[PDB]
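S.K.: Below is the structure I would like to discuss, written out as structure tokens.
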Amino acid sequence: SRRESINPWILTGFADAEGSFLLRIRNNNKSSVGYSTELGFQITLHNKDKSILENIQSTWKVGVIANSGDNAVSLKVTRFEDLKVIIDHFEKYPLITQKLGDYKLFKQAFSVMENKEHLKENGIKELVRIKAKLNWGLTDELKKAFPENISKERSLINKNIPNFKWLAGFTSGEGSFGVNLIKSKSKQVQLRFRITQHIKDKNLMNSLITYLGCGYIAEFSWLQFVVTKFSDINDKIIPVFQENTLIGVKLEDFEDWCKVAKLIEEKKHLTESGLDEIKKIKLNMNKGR
DNA sequence: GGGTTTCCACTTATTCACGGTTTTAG
DNA sequence: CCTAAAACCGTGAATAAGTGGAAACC
Ligand SMILES: [Ca+2]
Ligand SMILES: [Ca+2]
């Protein structure tokens with residue numbers, strides 16, 4: 001094992017995909033103020049893509065990888081001084097989804113802990129206000145212990161895709177390359193490239209159609225950006241990710257996706273031998289892989 | 001060393017990735 | 001008539017986040 005460096009925009013794009021921040025406020029009787037804290041950033045992936053965590057850790061030289069279950073692997077960046085490396089990276093390469101607001105409050109808690117103010121109750125009360133507008137909110141225990149209020153209202157992030165490398169990192173995490181075999185008589189193979197995201201990023205999802213110049217948005221939360229015209233796929237969708245290399249097992253799925261795209265380009269998908277060969281490539285990829 | 005950090009094990013709520021069909025476009 | 005691109009489904013699980021516990025640090 002040697003690991004490889006990852007494009008920082010592909011990394012920042014992947015952080016927008018599967019990344020997550022954490023801010024812990026735990027009841028600690030041994031603590032002086034009665035509550036200890038832990039701040040950092042984490043990513044949880046499947047064991048099949050554990051190489052990404054090693055390559056992400058090799059690029060930053062921070063964080064630790066530990067098994068997050070029988071079928072999961074996680075990377076946690078909890079060291080305080082090491083968080084400065086993750087912070088300085090995101091300042092130069094900012095987030096574009098609804099996670100940028102979480103990083104803004106991630107810095108707002110690092111600064112409280114930077115001045116060592118997280119040991120006094122007056123400073124701890126500030127950390128309780130930060131946790132409200134971030135994350136999933138405070139638990140019932142933390143809400144009962146602190147009746148004080150916080151006012152900020154996390155505003156919806158309005159940003160645009162900076163470059164293709166961000167899209168490559170985001171699509172590597174939240175993108176799906178599917179080969180659709182529609183059933184019909186006589187003797188249909190369809191290629192679709194869907195991307196699922198929450199309704200909170202509908203501003204980004206709507207801009208994704210104009211950014212690539214194609215696609216339609218389907219419609220509970222949820223959302224979906226789908227492209228089906230083979231002219232757009234073979235000319236605007238497939239060559240974009242070929243220039244900006246992907247990361248993870250989805251690259252091998254993309255590699256097997258281009259093979260079926262070349263057959264449709266040669267129009268050999270109508271042949272029985274071509275359709276049979278597509279079934280072999282389709283079954284040995286995506287969920288079957 | 002006495003609070004304080006940082007690390008490992010392990011869990012939980014839901015947005016995912018992903019599949020398959022029925023129906024319209026042209 | 002024909003193959004294409006669009007529209008509708010539907011769910012399991014890999015996620016996005018979370019806690020308990022104790023070691024390790026200074
Ligand atoms: Ca996400
Ligand atoms: Ca994924």
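Please note that chains go A, B, ... in the order of the structure tokens, that every chain numbers its residues from 1, and that ligands are numbered from 1 in the order shown.
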Taking only C-alpha atoms (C1' of nucleotides) and all ligand atoms and a cut-off of 12 Å, can you tell me which residues surround ligand 2, written as a ChimeraX atom specification?
M.R.: /A:14-19,43-50,52,169-177,195-197,247-251,286-287 /B:15-18 /C:13-16
S.K.: Please return, as a VMD selection string, all residues of chain A lying within 9 Å of chain B when only C-alpha atoms (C1' of nucleotides) are considered.
M.R.: chain A and resid 30 to 32 36 38 64 66 to 69 78 to 80 174 to 178 180 to 183 194 to 198 221 to 222 286 to 287
S.K.: Would you mind listing, as a ChimeraX atom specification, all residues of chain C that have at least one atom within 12 Å of chain A, where only C-alpha atoms (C1' of nucleotides) are what counts?
M.R.: /C:2-9,12-20,25
S.K.: Assign secondary structure with DSSP using the backbone only, and return the residues of stretch 185-288 of chain A in alpha helix (DSSP H) as JSON, numbers by chain.
M.R.: {"A": [202, 203, 204, 205, 206, 207, 208, 209, 210, 211, 212, 230, 231, 232, 238, 239, 240, 241, 242, 243, 249, 250, 251, 252, 253, 254, 255, 256, 257, 258, 259, 260, 261, 262, 263, 264, 265, 272, 273, 274, 275, 276, 277, 278, 279, 280, 281, 282, 283]}
